[PDB]
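Only one chain is shown below, in structure tokens, and it's the form deposited in one PDB entry.
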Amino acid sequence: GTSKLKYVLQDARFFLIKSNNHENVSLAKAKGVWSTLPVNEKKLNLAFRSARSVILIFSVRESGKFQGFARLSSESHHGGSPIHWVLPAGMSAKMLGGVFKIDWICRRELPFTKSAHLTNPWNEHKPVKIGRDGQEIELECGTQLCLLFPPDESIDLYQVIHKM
């Protein structure tokens, strides 16, 4: 079913994550963490305080797909055991030093061809696949985008609901 998923997405906020490489999304899925540039770090920390759920929706650049979505379970935190991100050019380890814990809601992929009917009012009504890293996605678009993903039957949202 999909009722707990809908409950988690109730009045959530959604942010588009654009990763320049697959390796970091794979690491994120394994280790339950994410890091972004300081400008986005600040926005996510603010939104983590503002909403029942903050949802990250991941797409690797040039893949033509989303690779899944996850819910922030913490604010960012610096200085722990370093995450071995593959660093994009011009991006230093210090720039990515803030670590968010995340709980994955879906690790299955969705091709851009299946979301062509969803546009994002916070990005000039462009298709929701289009957007810079950190672009916020409007509630109705974001909900519908998440509900398009194939079910991830490996996930139990019972714990995530307890965190809300």
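Rigid core here is just the name for the largest C-alpha set that superposes within 1.5 Å across the two forms. Residue positions are given as counts along the sequence shown, with the first one as 1.
From this point on, the text means the form deposited in another entry, which you will not see here.
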For this session: Shifts of 2 Å or more in the Cα, rigid core superposed between this form and the one not shown, apply to only one of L37, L46, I130, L139; name it.
Result: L37
Problem set entry | Did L27 shift 2 Å or more between this form and the one not shown, C-alpha, core superposed | no
Exercise. Superposing on the rigid core, is the CA of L110 displaced by 2 Å or more between this form and the one not shown?
Worked result: no
Exercise. For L96, is the C-alpha shift between this form and the one not shown 2 Å or more after core superposition?
Worked result: yes
Exercise. Taking the shown form as reference, are the C-alpha positions of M91 and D133 brought closer or pushed farther apart in the other entry, with a change of 3 Å or more?
Worked result: farther
Exercise. What happens to the Cα distance from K129 to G90 in the other entry: does it get closer or farther than here, with a change of 3 angstroms or more?
Worked result: farther
